[PDB]
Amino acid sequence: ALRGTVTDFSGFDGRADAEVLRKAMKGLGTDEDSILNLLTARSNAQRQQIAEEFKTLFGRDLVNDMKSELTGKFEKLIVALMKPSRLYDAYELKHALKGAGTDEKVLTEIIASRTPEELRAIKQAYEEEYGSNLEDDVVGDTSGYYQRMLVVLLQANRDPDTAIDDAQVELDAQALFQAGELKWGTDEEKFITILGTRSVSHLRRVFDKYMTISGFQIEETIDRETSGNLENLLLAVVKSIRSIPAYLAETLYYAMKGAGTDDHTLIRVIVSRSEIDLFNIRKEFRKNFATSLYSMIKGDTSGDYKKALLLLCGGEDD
């Protein structure tokens, strides 16, 4: 079953919480410990409630006050923690599309790992919040098959899980084989239709059969046949089909990979999944990397930032 690491706090008193926060910031300096200890122990819904209580009591904006009092990565984490759950993905996508450049990894990460219901919710929130259509903006900042696959995924029309059809599994596996390894070049359109619209249960069967037929895992063929953002997107899609938790766990691993850390990604994953499947992510993480996610973060981060991340993540055993 899917499980997160953050849940509603029992005996929740938003008014009292707003007072704690006001006390942590009022006056010289800031009580960062008090702030993180509280917010990481409250669900996203409760945080929004605290924000309204804070404003009702003081006429001050909670998030604006924390941005004034805080700084660095700790601030970025607190700000993300404050973003309403329903708007967070839309927010990160908007951030990925701002300016002339484009943050492809974010578009790929979110669009490949969100369910059709989540994408429908995101598309709506995005347009309501920014006054523009998500698909349109994505199309505007992307090109080629990478763009097309993203558009297919944005339609949020992946087939639901229905009775498994053996002939169909064989048919699709063989089709991918002819579209890639057996073709001079690649029939990208076939990979996009099959990997982007077929059901999760169907594709899991297809991946197994594909290996049996070709001798290659679908991930290997993808690397052999494609490159650029298309390659990254197809891998993310395949990995999410196998296991969203596993994909995100791997996403975290390569974010604390080597000199320095990809904090933007580290924060987004921890925050976005904290109330969905961060627990599952932890398990898949421990199994695949022989170390708990906790240890990874602990040795890659520091300060209040580190403290907050560790409280949200949890599972120091694992």
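Sequential numbering from 1, following the sequence displayed.
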Mean B factor on CA atoms, stretches 94-102 and 200-208, record says higher is 94-102
Higher-scoring stretch by recorded Cα B factor average, 143-151 or 118-126: 118-126
Listed options 47, 264, 60, 273: highest C-alpha B factor recorded at 264
Whose CA atom has the top B-factor in the entry, of 33, 69, 52, 277? 33
Going by the entry, which third of its chain does the Cα temperature factor of residue 216 land in? middle
In terms of its chain's C-alpha B-factors, the third that includes residue 157 is the middle
Going by the CA temperature factor in the PDB record, which third of the chain does residue 132 belong to: lowest, middle or highest? highest
Relative to the other modelled residues of the same chain, rank the CA B-factor of residue 224 and answer lowest, middle or highest third. lowest
Chain-wide C-alpha B factor ranking for residue 74, given as lowest, middle or highest third: highest
